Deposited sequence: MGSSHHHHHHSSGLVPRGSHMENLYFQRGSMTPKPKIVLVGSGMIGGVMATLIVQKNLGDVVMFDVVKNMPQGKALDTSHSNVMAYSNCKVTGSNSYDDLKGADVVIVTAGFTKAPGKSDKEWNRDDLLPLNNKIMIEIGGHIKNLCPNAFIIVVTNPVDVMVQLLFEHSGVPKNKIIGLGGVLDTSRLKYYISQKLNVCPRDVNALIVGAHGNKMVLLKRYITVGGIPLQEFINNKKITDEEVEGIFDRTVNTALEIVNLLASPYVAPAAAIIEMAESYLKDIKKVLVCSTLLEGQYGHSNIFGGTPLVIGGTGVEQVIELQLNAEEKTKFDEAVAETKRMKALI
C-alpha cells in the first residue's frame, strides 16, 4: 500500500488526509514541525475509515525520519505571514530536501508552498530527485476556478469546460482564451451565439486571478479546492492514469526557457511526468509567459 507523507499538516494538509481516506489511496503520515497537532488531526481522520469503508493508516509525526519509504511526498509547510519570506522558506526547502535525499529518493514530490514555481525548483535542487519526479501545484487549481465560473455562466457540468492556464501560479498566471472549450466546442462558438460576451469572459479571467484574494477578503482561506487539485495529481501518479494536468515542471527549452520551473500541460503517470506538452503559443501569449517566468526568476534571485 502506498505511503503518502504530508509535509505540513495545516488547512490544506488536513483536507488532503480526509480525501486520501475517502479514496482509500494509501497510508498517510501527517507531518508538522508543530508538536501534537498533527497527531490529533490524524487520530480524528483515522476514524473516518469506518464511514469510508477504507483501510488507510493515518498517523501524525514531528520527525522527518518518517519520510523513510515514502512513495509520495506533498509539501505545504512554510511561512505565509512578501519577498521577505523567501529566504525563510528556502531554509525549509533545504532541510526537507536533505531528508528526501537520504530517506525517500525514489518518491514522487508535489510542492505547494508559495511562491510555488520558485519553491519547487529549490526543493528539486536540494533533494536531488530526477526532473520527472517533482512538480508544483498551479494549473489544476487555477483552471478549476476558470472552468467553474464559465460552467456557471453557460449552465453546464463544471468538468465539461476545459481550459489552460500556464507560466506561473499567482498574479502573473497566463489565461489562454484561445484554448477554452465547452463540451469539446470552442468557447468562441458560444460567444458568437451570445451565450456569453467577451466582456464577461474578461471579468471571469480577472476573477480567476483574484480568487484567493476574494476568499481571504470574505474571512475564509482557500484549502478545499487546493487539496482536491493536489489529490487529483497524486492519484494520477499512484494509479498510472496518465491524465493531462497543468503543473509546474522543469523547463528545458520549452517556450524559450531553461533552468527554471513553469506551469505547462504535463502527463502524469506511474513513472511520474511522462510527457511535457509545449503549447504552440502566438507572440502575445509568449510575451505573457515570459513575464510570468521573469517574475519567478526575480523571486528566485532573492533567496
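Engineer: Since the structure holds only modelled residues, which stretches of the deposited sequence does it leave out?
Structural biologist: Unmodelled stretches: 1 to 33, 115 to 124.
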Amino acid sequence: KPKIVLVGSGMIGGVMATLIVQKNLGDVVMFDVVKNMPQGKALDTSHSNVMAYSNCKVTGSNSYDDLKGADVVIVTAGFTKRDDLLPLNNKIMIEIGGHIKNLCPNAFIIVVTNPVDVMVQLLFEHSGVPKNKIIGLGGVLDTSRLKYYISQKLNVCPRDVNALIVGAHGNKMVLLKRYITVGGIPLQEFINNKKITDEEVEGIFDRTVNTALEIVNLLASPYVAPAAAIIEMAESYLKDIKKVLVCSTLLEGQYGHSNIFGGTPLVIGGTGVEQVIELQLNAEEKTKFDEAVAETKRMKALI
From here on, numbers count along this sequence of modelled residues.
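Engineer: Quick one: across the other PDB entries of this protein we compared, is residue 81 left without coordinates in at least a third of them?
Structural biologist: Yes, residue 81 lacks coordinates in at least a third of the other compared entries.
Engineer: Would you determine, from the values in the PDB entry, which of 44 to 52 and 273 to 281 has the greater average C-alpha temperature factor?
Structural biologist: Per the PDB record, 273 to 281.
Engineer: Do the CA atoms of 254 to 262 or those of 239 to 247 have the higher mean B-factor in the entry?
Structural biologist: According to the entry, 254 to 262 carries the higher average C-alpha B-factor.
Engineer: Sorting 150, 228, 86, 74 by Cα temperature factor from the record, which one lands on top?
Structural biologist: Highest C-alpha B-factor among the listed residues goes to 86.
Engineer: C-alpha B factor of residue 117, ranked within the chain: lowest, middle or highest third?
Structural biologist: Answer is middle: the recorded C-alpha B-factor places it there.
Engineer: What third of the chain does residue 136 rank in for C-alpha temperature factor, lowest, middle or highest?
Structural biologist: Lowest third, going by the recorded CA B-factors of the chain.
Engineer: Using the B-factor values recorded in the entry, state whether the Cα atom of residue 19 falls in the lowest, middle or highest third among the modelled residues of its chain.
Structural biologist: Its C-alpha B-factor, which the entry lists for residue 19, ranks in the lowest third among residues of this chain.
Engineer: Would you please rank residue 292 by its C-alpha temperature factor against the other modelled residues of its chain and give the third it falls in: lowest, middle or highest?
Structural biologist: Its C-alpha B-factor belongs to the middle third of this chain's values.
Engineer: Considering every modelled residue of the chain and its Cα B-factor in the PDB entry, is residue 167 in the lowest, middle or highest third?
Structural biologist: Middle third, going by the recorded CA B-factors of the chain.
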